[PDB]
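J.:
Number of protein chains: 2
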Amino acid sequence: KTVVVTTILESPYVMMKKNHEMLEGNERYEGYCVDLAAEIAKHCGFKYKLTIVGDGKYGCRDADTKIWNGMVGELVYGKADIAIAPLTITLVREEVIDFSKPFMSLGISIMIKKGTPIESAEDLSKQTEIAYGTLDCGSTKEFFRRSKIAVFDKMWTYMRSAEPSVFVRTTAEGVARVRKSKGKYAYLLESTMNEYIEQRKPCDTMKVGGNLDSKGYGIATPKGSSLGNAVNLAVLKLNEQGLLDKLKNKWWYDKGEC
Amino acid sequence: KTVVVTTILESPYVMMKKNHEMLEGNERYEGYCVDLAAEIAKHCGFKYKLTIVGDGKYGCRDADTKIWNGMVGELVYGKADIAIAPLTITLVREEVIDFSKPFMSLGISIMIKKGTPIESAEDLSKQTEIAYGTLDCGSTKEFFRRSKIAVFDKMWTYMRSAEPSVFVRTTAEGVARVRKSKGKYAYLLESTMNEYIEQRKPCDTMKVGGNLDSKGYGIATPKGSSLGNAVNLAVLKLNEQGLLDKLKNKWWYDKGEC
Ligand SMILES: N#Cc1cc2c(cc1[N+](=O)[O-])=NC(=O)C(=O)N=2
Ligand SMILES: N#Cc1cc2c(cc1[N+](=O)[O-])=NC(=O)C(=O)N=2
Ligand SMILES: [Zn+2]
Ligand SMILES: [Zn+2]
Ligand SMILES: [Zn+2]
Ligand SMILES: [Zn+2]
Numbered sequence: 010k011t012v013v014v015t016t017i018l019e020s021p022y023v024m025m026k027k028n029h030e031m032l033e034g035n036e037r038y039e040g041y042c043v044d045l046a047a048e049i050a051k052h053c054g055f056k057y058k059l060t061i062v063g064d065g066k067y068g069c070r071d072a073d074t075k076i077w078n079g080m081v082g083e084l085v086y087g088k089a090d091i092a093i094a095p096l097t098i099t100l101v102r103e104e105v106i107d108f109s110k111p112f113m114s115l116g117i118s119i120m121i122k123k124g125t126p127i128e129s130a131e132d133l134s135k136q137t138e139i140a141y142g143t144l145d146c147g148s149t150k151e152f153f154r155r156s157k158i159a160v161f162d163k164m165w166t167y168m169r170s171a172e173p174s175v176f177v178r179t180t181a182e183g184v185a186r187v188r189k190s191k192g193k194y195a196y197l198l199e200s201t202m203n204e205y206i207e208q209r210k211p212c213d214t215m216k217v218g219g220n221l222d223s224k225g226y227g228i229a230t231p232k233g234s235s236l237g238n239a240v241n242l243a244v245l246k247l248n249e250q251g252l253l254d255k256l257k258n259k260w261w262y263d264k265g266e267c
Numbered sequence: 010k011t012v013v014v015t016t017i018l019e020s021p022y023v024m025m026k027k028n029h030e031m032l033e034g035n036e037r038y039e040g041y042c043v044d045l046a047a048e049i050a051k052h053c054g055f056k057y058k059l060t061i062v063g064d065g066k067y068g069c070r071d072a073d074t075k076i077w078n079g080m081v082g083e084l085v086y087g088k089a090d091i092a093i094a095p096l097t098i099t100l101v102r103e104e105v106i107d108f109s110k111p112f113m114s115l116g117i118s119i120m121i122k123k124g125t126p127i128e129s130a131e132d133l134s135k136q137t138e139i140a141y142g143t144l145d146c147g148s149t150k151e152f153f154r155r156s157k158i159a160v161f162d163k164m165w166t167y168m169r170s171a172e173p174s175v176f177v178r179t180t181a182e183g184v185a186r187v188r189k190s191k192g193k194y195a196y197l198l199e200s201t202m203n204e205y206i207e208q209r210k211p212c213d214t215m216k217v218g219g220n221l222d223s224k225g226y227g228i229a230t231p232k233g234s235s236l237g238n239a240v241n242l243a244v245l246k247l248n249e250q251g252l253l254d255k256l257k258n259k260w261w262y263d264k265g266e267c
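Protein chains in written order, with my numbering: chain U, 10 to 267; chain F, 10 to 267.
1) Measuring alpha carbon to alpha carbon, tell me which of U:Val14, U:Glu151, U:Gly68 and U:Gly34 ends up nearest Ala89 of chain U.
2) Please confirm whether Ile91 of chain F and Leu236 of chain F have their CB atoms less than 9 Å apart.
3) Closer than 8 Å: is that where the CB of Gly65 of chain U sits relative to any heavy atom of ligand 2?
4) Which of helix, strand or coil does DSSP assign to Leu115 of chain F?
5) Using only alpha-carbon positions, find the residue among U:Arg155, U:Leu221, U:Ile139 and U:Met31 that is nearest to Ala171 of chain U.
6) Kindly examine ligand 7 and report whether one of its heavy atoms sits closer than 8 Å to the Cβ of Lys51 of chain F.
7) Given that a residue counts as buried once 16 or more other Cβ atoms are within 10 Å of its Cβ, and exposed if not, what is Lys224 of chain F?
8) Can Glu249 of chain U be considered in contact with ligand 4, in the sense that its beta carbon sits closer than 8 Å to one or more heavy atoms?
9) Taking Cβ positions only, does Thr99 of chain F come closer than 9 Å to chain U?
10) Which stretch, first to last residue, makes up the beta strand (DSSP E) that contains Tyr196 of chain U?
11) Taking all protein chains shown into account, do 16 or more other C-beta atoms lie within 10 angstroms of the C-beta of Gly87 of chain U, making it buried, or fewer, making it exposed?
12) What does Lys110 of chain U touch in chain F if you count any residue whose Cβ is under 9 Å from its own?
13) Would you say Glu48 of chain F touches ligand 6, meaning its beta carbon is less than 8 Å from a heavy atom?
14) Hey, does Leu245 of chain F have any beta-carbon neighbour from chain U nearer than 9 Å?
15) With a threshold of 7 Å on Cβ separation, who are the neighbours of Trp165 of chain U within its own chain once the five nearest residues in sequence on each side are excluded?
16) Which residues neighbour ligand 5 when neighbourhood means a C-beta less than 7 Å away from any of its non-hydrogen atoms? List them by chain order.
17) Taking C-alpha atoms, which residue in F:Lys123, F:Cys69, F:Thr11 and F:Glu33 lies nearest to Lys189 of chain F?
18) Where in the stretch 134-198 of chain F do unbroken runs of the alpha helix (DSSP H), each at least 4 residues long, occur, reported from the N-terminal end onward?
19) Just to make sure I have the definition right: I need the residues of chain F whose C-beta is within less than 7 Å of the C-beta of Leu242 of chain U. Which are they?
20) Look up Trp77 of chain F in the DSSP assignment and give the residues it is bridged to.
21) Just to confirm, does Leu252 of chain F get its C-beta within under 8 Å of one of the non-hydrogen atoms of ligand 6?
22) Kindly indicate which residue of U:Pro211, U:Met215 and U:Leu242 has the alpha-carbon position closest to the one of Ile228 of chain U.
23) Relative to ligand 1, is the shortest distance from any of its heavy atoms to the C-beta of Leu144 of chain F smaller than 8 Å?
24) For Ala94 of chain U and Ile17 of chain U, what's the separation of their Cα atoms in angstroms?
25) Does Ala94 of chain U come out as helix, strand or coil in the three-state DSSP assignment?
26) Under 9 Å between C-beta atoms, does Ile158 of chain F make it to chain U?
27) Can you tell me the Cα-Cα spacing of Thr214 of chain F and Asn28 of chain U, whole angstroms?
28) Mapping DSSP to helix, strand and coil, what is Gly251 of chain U?
29) Compare the C-beta of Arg155 of chain F against all C-beta atoms of chain U and say whether one is closer than 9 Å.
30) Could you compute how far the alpha carbon of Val12 of chain U sits from the alpha carbon of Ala47 of chain U?
31) Please report the distance separating the alpha-carbon of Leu59 of chain F from that of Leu45 of chain F.
32) Pop quiz: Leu96 of chain F and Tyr226 of chain F are said to be a contact at Cβ under 8 Å. What is the actual Cβ separation, rounded to whole angstroms?
33) Determine the direct distance from the alpha carbon of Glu182 of chain U to that of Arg102 of chain U, and round the result to whole angstroms.
34) Considering only residues of the same chain and omitting the five flanking positions on each side of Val105 of chain F, which have a CB-CB separation below 6 Å?
35) Counting Cβ pairs closer than 8 Å, one from the stretch 126-142 of chain F and one from the stretch 185-199 of chain F, do we hit at least three?
36) Spell out whether any CB of chain F is found under 9 Å from the CB atom of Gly192 of chain U.
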């Protein structure tokens, strides 16, 4: 029986091979999570088919209709058996699906255009000439809004009333805003994506400072799945075999461009 | 029913209060995990009794007898209901007990006496003047023995044959060796202990370099325990509330001496 794996097109986790039009099935795709899927399936002993999430989303529950979208929806509504993607482990998600132990750690972090005189959140917080913001909705925004920490309160107090708005609609919009702003905008985002972009042409951005919080990506299965136990032990084995680190190094650095 | 928590006297997770002999029950103890225990109990709705693990061990399985010792033992054989301690989440442990998602991240790291001209594992690998080692058995030693990575393979080749022995019997012996060796011994250990010791008098050690691997500590319950789900969700909630970070800062930095 063929396990249906849902994943999402986010580089470098899953990307179309250059010659994808010539290929078929699992072979059309490459990247960190493709490699991970193959390892998980090999060590759990199953055959699988990769499919890209229909709506291109991770997974959130509409307040209005209480319906789950993205990969979480595909699990909860039975369109796929397992999600192998950079899906963040969160309380609201783990209420409806099961997560493996994290396969990759991450945190909120600062992206600057190279040259910008900022090396930390504290630096940002003490000034206003360099503008800075986050996605207009989602966990990073909420992290600042709720923080009782002085530096983060200060940054919230600033971002919430800044004009023009410092919030962006998509991550890509945030990255492009850093790149076209002539050193006048810094963007706050997942450190994994920040370090990824640091190694992409034209090599004009940089990750600075320590992570502001700590989070994990996990592989997700539905409650009571026959796969959940073995998938979890698999993630642990891969980590101890140094394979997760190998995959990270490969996709971020060996294929780096800077 | 009063939940029996097993834990271990490892600073700053669990320590005797200075006036412990005037006190009784849970109140004798303080530390990160004591605070954490209170929070977990409150969010899962149980009363508990902190007990120090009989043998002072974390838990491994004896190769000959196959018997688990330490806190893992107490969980496996039915002596305690939950382990709230810096118990590392590992493949062989997760095969026999359940863990929450990690409450704290760590990795193998390098402890040096201040002034030692070493900034990374690479730096250590390329020289011989400064000796370096790990605990004489256990996971840090095994990480080097099994590594396919060039830098770590080189360090292993050196450590395994170094004379006199670079391995030590206890964490304490490792730290004392760095302190009395005038810069000629560096010790490889968990990053959390490393960073803790850096804030303790006489303030003569430092953690240097990035972590060499990545692991997490998790709260453990016996397989099929009915506490397991609630405890996991409670760990996620505390992270998202900033409470675990607040506790870390508190016990490592607010109470630091350097
Ligand atoms: N950028 C960005 C991202 C945004 C994300 C994400 C991963 C990434 N990522 O590392 O590309 N996982 C999620 O579960 C999520 O709700 N939102
Ligand atoms: N040193 C030391 C340590 C050694 C440890 C540990 C925690 C710590 N710690 O940071 O105190 N947890 C474990 O599960 C373990 O097998 N060995
Ligand atoms: Zn095409
Ligand atoms: Zn493998
Ligand atoms: Zn005493
Ligand atoms: Zn609380």
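In this text, a Cβ means the ideal position worked out from N, Cα and C, and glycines have one as well.
T.: In this structure, then:
1) U:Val14
2) yes
3) no
4) strand
5) U:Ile139
6) Absence of ligand 7 is noted for the structure shown, with ligand 1, ligand 2, ligand 3, ligand 4, ligand 5 and ligand 6 being the only ligands found.
7) buried
8) no
9) yes
10) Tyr194 to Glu199
11) exposed
12) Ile98, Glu103, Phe108, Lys110, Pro111, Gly225 and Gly227
13) yes
14) yes
15) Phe153, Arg154 and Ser156
16) F:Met25, F:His29 and F:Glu30
17) F:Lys123
18) 148-155, 159-170 and 180-189
19) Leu100, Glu103 and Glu104
20) F:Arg70
21) yes
22) U:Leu242
23) no
24) 6 Å
25) coil
26) yes
27) 53 Å
28) coil
29) yes
30) 12 Å
31) 12 Å
32) 6 Å
33) 26 Å
34) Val85
35) yes
36) no
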